Every structure is written in structure tokens, then in C-alpha cells.
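Inspection log for the structure reproduced underneath, given as C-alpha cells.
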Amino acid sequence: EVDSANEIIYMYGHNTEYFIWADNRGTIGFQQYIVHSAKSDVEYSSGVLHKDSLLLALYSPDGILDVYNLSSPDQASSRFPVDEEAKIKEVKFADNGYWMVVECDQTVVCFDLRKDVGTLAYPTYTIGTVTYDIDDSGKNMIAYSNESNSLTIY
Amino acid sequence: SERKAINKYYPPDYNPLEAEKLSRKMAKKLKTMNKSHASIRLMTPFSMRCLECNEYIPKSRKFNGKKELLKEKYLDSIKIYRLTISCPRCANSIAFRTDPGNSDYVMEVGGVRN
Amino acid sequence: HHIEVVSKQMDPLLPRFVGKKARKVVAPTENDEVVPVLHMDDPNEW
Amino acid sequence: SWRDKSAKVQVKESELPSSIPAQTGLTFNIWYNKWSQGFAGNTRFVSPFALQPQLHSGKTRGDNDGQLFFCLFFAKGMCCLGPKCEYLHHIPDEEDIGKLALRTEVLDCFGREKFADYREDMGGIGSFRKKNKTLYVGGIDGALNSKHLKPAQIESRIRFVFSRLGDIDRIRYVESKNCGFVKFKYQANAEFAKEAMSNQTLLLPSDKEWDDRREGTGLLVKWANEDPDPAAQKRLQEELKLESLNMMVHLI
Amino acid sequence: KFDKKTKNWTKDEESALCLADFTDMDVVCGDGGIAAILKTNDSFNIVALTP
Amino acid sequence: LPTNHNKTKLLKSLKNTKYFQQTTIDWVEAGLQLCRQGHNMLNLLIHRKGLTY
Amino acid sequence: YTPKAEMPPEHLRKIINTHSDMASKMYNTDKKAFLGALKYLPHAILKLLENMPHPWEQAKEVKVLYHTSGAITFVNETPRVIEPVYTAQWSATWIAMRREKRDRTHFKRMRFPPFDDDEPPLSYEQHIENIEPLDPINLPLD
Amino acid sequence: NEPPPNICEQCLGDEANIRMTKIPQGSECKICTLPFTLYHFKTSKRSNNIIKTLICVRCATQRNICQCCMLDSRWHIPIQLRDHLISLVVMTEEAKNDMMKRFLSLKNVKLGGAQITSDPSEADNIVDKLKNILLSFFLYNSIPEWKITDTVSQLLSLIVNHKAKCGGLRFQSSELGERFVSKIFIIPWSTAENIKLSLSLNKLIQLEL
Amino acid sequence: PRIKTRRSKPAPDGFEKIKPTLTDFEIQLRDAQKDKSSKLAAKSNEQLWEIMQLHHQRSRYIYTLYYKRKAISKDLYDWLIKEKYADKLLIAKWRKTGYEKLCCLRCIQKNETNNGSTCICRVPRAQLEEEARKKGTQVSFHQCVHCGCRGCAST
Amino acid sequence: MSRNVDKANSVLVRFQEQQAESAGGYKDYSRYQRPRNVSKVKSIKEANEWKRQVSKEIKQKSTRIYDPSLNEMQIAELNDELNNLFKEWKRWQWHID
Ligand SMILES: [Zn+2]
Ligand SMILES: [Zn+2]
Ligand SMILES: [Zn+2]
Ligand SMILES: [Zn+2]
Ligand SMILES: [Zn+2]
């Protein structure tokens, strides 16, 4: 029984004596210890962990995207700017180790992690009858259209 | 179902070593097995008097005792045991030890031999 | 009112007499009329 | 108005009506369907379903054919047959009660034999000897997940749940006993209510513990052992007298 | 509907009208479909009852 | 020397009820059924007896 | 009177399959029926055994009675033969066996039991669909 | 040897032919828990649900009741009620015990009252005797809520405590309430003095526990 | 069907045409023959009913092609009968008068039933309905417990 | 493994128990010793079970301590044991939830 009043929103096991879990308030724990405490001013619905296993992105549909460093508890999360009207569907860390790709409803925002927080890898350009997904390289996309019933590769 | 049963049924997945390990893990937690004064049935060789109520429990009288290991062995590698009994009338804990130097027993703050 | 009784053929697997279960039953004697127990008419030896 | 309100019901679909037992014991006994070789577990678990009757209640395959007895499953709130159920799906109205008032001595509104002696726990399907319309409610602490509520609030909640389920005579929450006595007009209605509210949470969606209502233990709804304090007794006596009078009138 | 088993008028369907007090009415129905003529003291409304 | 009286064999009696009905089955299938049914019977009885162990 | 309805085997199969995971208040009575059936299980066994397909037979179809509860299944037919014909058949089989013996360096005798104590005996529905049952014992004729 | 089933006129049905099956030692009687023959009839051929006999004939005889209805053979009243009436002009005590109940069943005394009901003489006399004997808004000022509700309906959630005597009716509509007022036992909105006093007392009582 | 064991010749002439129709049936049967965890008596019964219906249907199809349509050779029909495909007795019953629409044979085993009579399905909807009307109640029965047969009668 | 205890704590039985615990969640809180230091029990159900067990123990203690030979020292000892049990129970009624 995890000791948290807040709903667990992320649970991953291939981090290998411990698993990592995360609260909808940004409590992050290893199961044991707590690397980050609950905030009052956020809600998350999901999370994704970077391949080097130190960066954890927590997020919700409404635009909140906060990246935590699990190596230093004392380090403040980084807030990434996503406009609120663009619904966040998923966040992936690309294989290159430095693209954080944010899959929104109609658009994709790709952040470059080498640079100041908020620096895009490329500008956001939009390309509700179309779902899509990007591979782990962050450079291949398959989009499905419900009008034409067809798959397009970008 | 019958006391001379050759083979007890095992589940289809029963890694015996693994099972043993699991048991061990759940042996420290376990109530019984992780305790002293494990029971035993024994007749009384000493034929002695219960010190509280003077009840003269005679030789060969049967009791459900508690055998416990005394940590301080005799000599080196031959163990000695405390063998608890209750008097029939009053419930005073009589016991005795088995010091094998004399091939006999020793009374242990329970009663007196006569 | 007139009424037709039947006996349905129960399945031959199920217990024939499903009512009975080897119950103990104490019975009252129920002797309302009184039996007349009639009769006629050295203690140290006997 | 259940007839013209709807036809359909389909409370809980036959995909997911219930898992069969809950693991007490080590091994599962095929003949009793109850776990054996051990008994650790308080056992009473909260109903996954419930009777929201205004939504659910409807015409059935039984209604058309002229069924007397109401659907236990419907009451519980899990009648997967729905419109093709042969037992009735509505809160027992007065007319229906009147219709099955001949049989209501021997068996419940569910068409199942009332017993001669009460169960020692007053726990289920009341006796034919003592007619009753009066339900013990209990485990209200457990039914509300140990919530620090006002007794008044609890009482209100009880009323809300039970009024819907049947025509109420009178209700009493008690702080000392930690209970909820309910009395109905008709025994059948009471029975139905009992069936419904067995193992039910008293919580609402607006409460903060809605998502963990399952983890608790439900309402312990049982039959009422008559109240000893004197006014109530007097009232009961009066009622009995009235009934007797009515009977006499009917006779002559 | 007048029910042939139960022998009474039973409530079958209810419809809300989207729009004075109608003090009178007449029902018509043919193969074309059911209409209600709803009357006031000086005006009337013909309303169709469709599937 | 056998029964003068008894015509009524077991199967015939069963047939005379409504609870049995009859099919034509592959013998292996029948055997399998017997094995399963038999197994069930022995488990069921055992469980009734209470001995679930 | 009017004879039994020749039911479909499919129905029987379905019935059988239903009473595998039998643990509801549904079929309370079916369990009772099953229990009762022990009475006739030896009879059933005798029947089935009696109907054993002979080595000149790939697969015997057989008459079957079965309790609609699924509790017991009797092979109903009693296998009668034209005696001399039967004898001839047996002789043929014997001859075939002898030939086989002569042929084979090692004759792969079965292991017993044939299925594992853990493994529950496959339903018949796994191998209805399977290929034509391999050829039975009947000697080369002329 | 077996005695006949005692099924009442209203119990059995309205028709001049009924078919039933007897199941000898079918079930145990509910009173006595002792094997007896179940009769079960369907009333009309097609009318759903059977009517099985729930009690042994002997027990029925003792109580003088329908073997299905569990009501007086004569007057068709619950055993309590029928017995109660007789008492008014002594009642049966069914002994709710595993062993004793069976014994009671086997006794043949006609428990209590049953005799009176059986005989034309006695039942009739009793009846005669009986005849002779016979010949939003809060609400304030005991009676049941199903009556109150009915009254309200006639006038056109309804909470009422009895220890309080304080009935807070909540129609949740300004239309229903304003119709309710015009179309018309103290009834305000959300010997008068005496009433007030009594109410106060009741409130106090409610509030001390 | 039974399993082929070189007993009867593989099939007569026109089997290849009809085979794909009655092989759909096999799939259905297969779907039927398994643990649908019915968790409920009525539901359980329903699967049996379905199975029965399926069985009936194949026979009807066969019967229809051989007697009514008459598009299949006699020999082929005979072969089919010999195999488990068709039901022989059922077919015979159908061929007889007053039994043409016939759910199953065990709906007309008069011995079986508790009341010495046939299944209700055999009553034409007309008569039952009339009775209901006379009484006051609505149409009383839907389908029998042997096989799902809403109005089996020849009408 | 005469006298039943051995049988109970025979490896097979233990294994079975473990399996049960794994799948379905059958524990026997009678069977394991109740932990000394509470707040190493994040689950509520477990805690409740423990509390129940302690209550049972207390009850048992109570039942025996009113026996007729009241002057014997065992009873006196139990009085302290009883107190301890009570304390434990109180502790178990912690205010986390
Ligand atoms: Zn239902
Ligand atoms: Zn009656
Ligand atoms: Zn039919
Ligand atoms: Zn049929
Ligand atoms: Zn039919």
C-alpha cells in the first residue's frame, strides 16, 4: 500500500531492485524513498521516463508539463510551455536523448533538452478525424484518417 | 488419505527448492516453529512431590510436557533439555533437566525427588 | 371441489425420498384413557 | 411511472454479473462453492451494483404474463435478463401487493418460502409466524467507510435510500445503538427494501470517498426485533387491535 | 390506449410541445399519420405525431 | 440360471423417463465424457464428504 | 410408446462442457444428480468397455443415453457379431500383429499412463477436426 | 397409509378441475421439520408459479389452517390474528426448537383455538360473541408517513420524526406548494399555546439524546 | 457429422455445391459447443436452445433441397442421412402431415411430459392467443424448455 | 510430525498458504505473530486484522484470569499481560485513518 493520499498516476518497473511511482501531485518515490514531495498547485494524469532514467516528465492534458530530476531531490522541476487549448495526448523522450516530443491533439511540439527550458527542436506546425503517433526516433509518424480510412506516413 | 500414504499431491508448478525458500522466508514470520517450549508426551522417571500442593506424582505417570533446549550444553556436543510438567491438582510448573554425566536427571525448581 | 392427484416421475439420479434425512424423533405417549392396573389384597428375611 | 417510464431495464449485463466466490480458505470446495481449510475474512463485501429504480424499473416478460413475484436480482440491482426477466421490475406498488396478499403469509414478495422460526441473526427472509414490515439497519459505520458524519445526516441518507424503495411508515436513526430502524406499510415492500439494501453503501457521488466505496463492507440490513420502550409497544398494541377490528368487520 | 386485457385507459406515450390555453382538441389519423388539432377560442394548431 | 422375471434392464428404465435423451456418439468421445463425468462425480462426492484436501 | 428422440451429439457435448466449472447455486440439483449417478457409473464403465472398438475399426460410432443434467453417459448399444465372421476378423488381426512383430526391430510399446496426472484429458473437440484417424489393423487381402 | 391434503377454497383456485402431483416425503414441513408428502398444483394450467404445500397435514390439523395459505381453514386469517380474536372473546405457542417442534407436531391436541375453529358450534359462537362485543412546509401535531403522503397527494421527499413530531415536507416546486395552499395539524412555511408547549417538550426530548 | 474412416465413399456427386452452405453450420456449432460461462440457468438453457435450432436448421436445409426443391440426387441424400448431417427421424416427421414445421422430436414425445401431452409449441399461436383473450391475460408462453420454439405449429 | 503442530508447519502447508496469499489474498493473521512496531503497515485491512487478533487475545486472557485459584501467581502475571495487550490495542487505534 503506497503511503499517499493522492492518486498514483505513473508506475514503471524497468528503472532493477526498485520500481518508480508518481502521484498526481508530483510525489515521486522508489520502492524505499521519496525524491520529490507533493505540490498543491498541480494535477498530473500521466508520466514518462527518459532513457537515462533521470528525467521524469509528468503531465496532464491541459498543458502542464513538468520535468523532474530524480538524481537531485533538491532540484526544482522544469515547467515546459504548452498552450492550454492544445490537449496533450502523450509525451515521449526520443532515442537521441535530447528530444522530448509532446504529442498534442492536432499538433506536435518537440523540445530540445540541450538548450534553455522551452527551446524547440523545430517550430510547431500543425499538419478531429485524424489520430497519429510518432516512433521512438521522433522522426517517423503514421497518421490515420477516419474520413478516408487510410494510413499516411510522415 | 491413509496413514501409510506414499505420495502427497503437489501442484503442477512446485519448484521444490523455491518452495523451501519461500517457506523459510515465511518461517521467521510464523508463530509456531519460531518459538521455544515445543510440546511432548512423557512419563515421569523421578517420582517426585509438587512443591506447592504436595501432590505425589509417582513413577511412570504420563504428562503432556514441554521440552526446551538448554543453550548451555553438557561438556561440548551432547545436549541437555528442560522437560516441563504440571502437577495434577495445582497448576505449578514442575520441570527437570537431563544431565547425562550420571545417566540420569536433575530437578529444576519444580519439586523434589523421593 | 373435485381434484386430480398425480405422481410425477422424478429423475432417477436424484434422491428418491428427498424429504427423509434420518431424523431423531421423540414421540408423545398420548395415552388419554387411564389403564386400571388392578390387583388383589417376614420382612427381615427377604 | 415504470410502465410508461420505460420498457427496458438491463441493470448489469451478463458479461460481468458476478465473480462466484471470494477467497477465504486455501482450497475451493466444489460441492458447497465455499472456500475451505481456513476461515479468515469478514466476508461481507459491498455490492458492486444498486437499484436506481426510477431509471431501471420497467415492463418485463413477467408483467405481460401476470407474474406475482418481484425480481430479487432487480432489487439487488443486477438483473441481466432485464426485459426478458420473468420476475417483476418495479418497486412494489399497492395494487400488486393487494394481488399477492393471499400468498404473502407463506412466502416473500420474491416467491420464496418464509420460515417458521427466525434466523438467530434476524438476517434474511422473515418468518411466516411473525408478520413484519420493520428492518434493522446496521453496519452504518462500515457502510459509510468510517466517515465522521452527523447522525441527522445519516438518518436523512437512510430516508433517501429507503423512501425511494417503498412507502415508509416511520424511520429512526439511533446514536447509542448506532443503527437505523425502518418500518414500512406493506411487508412485501419492506422485504424488497431489505433485498435491495443488503450490502449497500450509504455514500453518494458528491462525497470524497466515492471511488473507494467497494473496499468497505456494506449495509447490514436485517429484521427488526420489536422495540421494548413502552410508547412504541402501546402503539403496536393499538395497531393490532385495529387490525382485529377490521378482520371482525370483514367476517360479519 | 384502452387496454383489452386490463380494461382501462393506460398511459402509453408522452411528448412535450414546443411553442394561449388550448380549451379543445380533435385527433385525426389515416394512413398518412396521426394529427392533433389543438384549439383556442380563436386559433388552432395542427401538430403531427411522428415516429 | 438367470432371471425368469426381470425384463426391465437398467437402461430401459432410464429411457422410460424424460430426463435421459439419446444420441449417437463416437466411442472415443463417449469414453472422454465418462472420464470427465466420472472425475466430476468423484470430486463432487469427495467435496460433499468435506475432505477437500 | 413413441421412441426416443434421436438428439444431436452437439447438444450432449455442450451439456458436458457446461458441467466442468460447476460451482454456482445454478445446478445445485445437477451436483445432486452427479452424486446419485455413482450408482450407475460402474454399469456405464462396463458398457463403454464392452463397446471398445476392435482393432479392425478406426472409430466406432455408438448409441448413447445421457442424463440431461450431464451427470452420466451410458453407451446404450450392446455389441453383437456374426460369430464366425468375428472369429475370422480376430484371426486376421492376429496375423497382422504377427507380421508387424516380424517386421519391426523395436516395437514402440505405449507408456502408462498415456496422459500426465497434471494434464486434464483433452476434450473430444480438440481432435474431431484433426486429420483422418490413421489406418487400423486389417491384413493385406487378395 | 396417508391422510388427505387440507387446501382452502381461495388457496386452491376458482376452477372445477385442477391437476396436482403428490411427492411423498417431498420436503420437511416448515413448522415441524419432519418429512411429509408435498402436494403442488398449478391452479390454472397456464397461470405461472406453482403452489406447493409448505406444512405437514398433521401440523395443519393442529393449527386448523390451509396447507398453502397458512391461514385459518374457516375464516382465512393469519394464525396469530384468528387466535388473538379467540383470546379476546389464549393463543398457540409454537415451540421454535429442533427436537421439540417435531414432538409438538406429533401430539394431535389441536394446539390452541383450532378446536373452536373446526366445530360449527364453537366457531359460530365465537363469531356471535365478537359481533356482540363490536356492538416547503414544516408540519406539527402518532400516525404513519404513508398516510401523511396520501393526504398530501389528495390535497394536490416527506421527512417526519415522531420523537420530534416535526414533519418537513419539501415538494421542491413553487407550483406544487402554491396549489397545495389554496386547495386546503399546524402547517407554517420554512389551544395553540398548549400545542406549542407540547412541541417544545418533544423537541427537547429529541435533543437530550 | 461423423468422422470419415473410409467406410462410406467420400461423397456422391453434388456434395461440393451444398458443402459450403452446411460448413457455415459447423462453425456455428463449434462456437456453441463450449463453456459460455452462463452464470445463470436461463442463459445456459439459451445456448442449448440455440444448438438445437442450429441442428434443426441444417436438416431443414437438406430436407428442403431434397424434397421441396428436389435439386439433389437421391443417392447423395441417402449418404447424408447415413452420415450425422441430417436427422432422419426428424425428416420423416416433417414429411408426414401436421408436423412440417417441427422444432424437434422431443417436443412431440408424449411419454416424456408430466402431463400426458405434446409440447405447447405445437399449439398454434391462434389457439393459445384466443384462450388468453377469453381469460383476460396476454399471450402466456414464449418458448419451451426443450428447444427455443416460439410457435412451432404447422400454421 | 505427530501432534498436529508439525503438520501445520510442514513445508507443503506453508507453500499452500503462500500461494493463497499471493492469489486471492487469504492470510491467516492467527498464524503469524503480530508485529511489535506499528507504522510498518501501510495497508489498512492488515492493520484492522491485527487489531482484531489483539482484541481476541485480550478476550482470551480475560476469560482465564477469573479462575477459582485466584491466589496463584499465573493470574497475577496475566494481569500485567492483560495490561500490555490493552496498550497494544490502544496503539493499533492510531489516528492516521
Ligand atoms: Zn430479474
Ligand atoms: Zn389456502
Ligand atoms: Zn417446438
Ligand atoms: Zn422442439
Ligand atoms: Zn416445444
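Ordering of the C-alpha cells sets the chain letters (A, B, ...), residue numbers begin anew at 1 in every chain, and ligands are numbered from 1 in the order given.
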Helix (DSSP H, G or I) call set, DSSP backbone run, range 1-199 of chain H, as a ChimeraX atom specification: /H:9-12,57-63,79-88,100-105,114-118,120-134,145-155,174-183,192-199
Return as a Markdown table the residues of chain H lying at most 10 Å from chain I, together with the closest atom-to-atom pair for each and the distance in Å to one decimal, counting only C-alpha atoms, with rows in chain order and ascending residue number.
```
| residue | atom | partner | partner_atom | distance |
| --- | --- | --- | --- | --- |
| H:19 | CA | I:115 | CA | 9.0 |
| H:20 | CA | I:115 | CA | 10.0 |
| H:21 | CA | I:114 | CA | 9.2 |
| H:46 | CA | I:140 | CA | 6.9 |
| H:47 | CA | I:140 | CA | 7.8 |
| H:48 | CA | I:140 | CA | 8.6 |
```
Could you turn the residues from that selection into a file that holds C-alpha atoms, as a PDB file, in the first residue's frame?
```pdb
ATOM      1  CA  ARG H  19     -54.403 -31.408 -11.558  1.00  0.00           C
ATOM      2  CA  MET H  20     -51.706 -31.771  -8.892  1.00  0.00           C
ATOM      3  CA  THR H  21     -48.783 -34.094  -8.198  1.00  0.00           C
ATOM      4  CA  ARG H  46     -51.169 -21.745 -17.868  1.00  0.00           C
ATOM      5  CA  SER H  47     -51.094 -19.288 -14.919  1.00  0.00           C
ATOM      6  CA  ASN H  48     -47.447 -19.104 -13.793  1.00  0.00           C
TER       7      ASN H  48
END
```
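Those residues that approach range 50-63 of chain J to within 6 Å, counting only C-alpha atoms, are residues 47, 85 and 92 of chain J; same-chain residues fewer than 3 positions away are not listed.
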Interface list for chain B, partner chain G, 10 Å threshold, only C-alpha atoms, as a list in words: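 Only these qualify: residues 10, 11, 12 and 13 of chain B.
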Residues near range 33-42 of chain E, cut-off 10 Å, only C-alpha atoms, skip fewer than 4 positions along chain, as a ChimeraX atom specification: /E:20-29,46-51
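With only C-alpha atoms and all ligand atoms as the atoms that count, the set of residues no farther than 9 Å from ligand 4 is residues 49, 52, 53, 102, 103, 104, 105, 106, 107, 108, 119, 121, 122, 144, 145, 146, 147, 148, 149 and 152 of chain I.
Near chain B, the residues of chain J that fall inside 6 Å (using only C-alpha atoms) are residues 14, 15, 31, 32 and 33 of chain J.
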